[PDB]
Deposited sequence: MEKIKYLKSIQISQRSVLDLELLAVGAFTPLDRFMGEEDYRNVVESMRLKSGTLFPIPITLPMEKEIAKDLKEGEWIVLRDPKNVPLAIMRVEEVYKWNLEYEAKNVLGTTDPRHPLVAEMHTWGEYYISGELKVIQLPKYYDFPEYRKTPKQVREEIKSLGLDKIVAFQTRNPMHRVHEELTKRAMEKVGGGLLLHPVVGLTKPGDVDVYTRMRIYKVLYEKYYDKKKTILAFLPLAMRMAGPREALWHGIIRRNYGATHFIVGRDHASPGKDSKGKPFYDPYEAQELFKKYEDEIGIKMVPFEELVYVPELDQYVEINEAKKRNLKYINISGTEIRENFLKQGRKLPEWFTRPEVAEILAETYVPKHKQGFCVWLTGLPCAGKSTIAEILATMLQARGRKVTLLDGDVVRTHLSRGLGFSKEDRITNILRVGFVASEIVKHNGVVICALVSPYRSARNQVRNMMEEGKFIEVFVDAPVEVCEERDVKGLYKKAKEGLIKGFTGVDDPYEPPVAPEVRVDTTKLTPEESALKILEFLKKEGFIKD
């Protein structure tokens, strides 16, 4: 009977924290932290009780909603799509300090830290109270592998395993990670819990679907199923290095792990705005060993493993993939399993198989359509499917119902841009040939596509070239548009301030202009020919 209750929509981070609270992943915790537990966790990595818990888990609340919360009231925690997940009694509402929390938990207040930057968007108050679960978030990707602590413990049981090593990861797994985990099994003498994070990791990680597919194919094809469990963890990482390493240990223990792998640079976001590493490479191993007994999970530590061609094996240092994922290509068998490399190659296609939008902007009769047509032909002759969005196509399929106000014309540009950006998403080539006079509208379209995939072409011509180029009477009226045709005046054309290609049409034939766009496309690697 939640319909009478006040509702709040919570962040994607809070949905994940709520989910893990509800399934017992954070045991002993069963609710968001109140003020006393919070402040002791921040200062000492301990709940008020004295139980170790290194990472604060709180529910932020904007001060405009906090102001009207009432002690003892039940509220509905709803997800970003408004689905009700839990009700919460509001027992505590308290102010937190960003820099104190960041400094103590993360070791830094540098906003280059992904979590520091995020904390600036968090509501100014934290709230706490008893939770009643309505439902868990529902997933439609790989629900077979999304297992609760209870399901994983019951699976360890079924396989007859007494010892289990857990592997944390937020990254695709290569053959170094495969060796890492398998050495760890043999060493501890138990099975293995592959436990990748699918909730929130670090901005700019490989997308979750690609990663999940990687973990799935690698588990099913390369691991012994009597000794190995795969399970997806809906964790919202803090990227808090050593403190998060400890946290991982507690979580994996609640899933039934007796052992936990910690390698080099565990749970670290890298380096700060000074270039200084956020954590020492083995600071996490260090803290973990100090607490491993109290937590009740044994650390299986690794020094940085390296590949030795002479041995064709991965050894400890005592004895990256930046040319491949970019415009480059498939990783070799000794670095990555073929099935994983193939999945990566589907996601990260070479630059000459990537989509891009050639946007041709300029004055009426500048020659946009002619150049577009020619370039489309040249591109198709090179094996590329092309969508050509010129005046006629756009006015037929996209423009109907729009007027000729500035707004309607910006709408039209943005419409063409949305369509072009969806085609680029699917690795298609789009050529757009519109006057598109408004610079901001065009900038907006650039912002719809991945960086480098918007080729803005400035088709430069003199003012009122139409007649010179034998476009007169009603044909010129058609080119100029309604306002200009009837009044003799229009909004000024706003040229691309820094286009990819500039084409001076008084100097180049439309074929030469088209060839110029082509040479840019080869230069960037969009065409190998």
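- For this chain, the deposited residues without C-alpha positions form the stretches 1-2, 322-336, given in sequence order.
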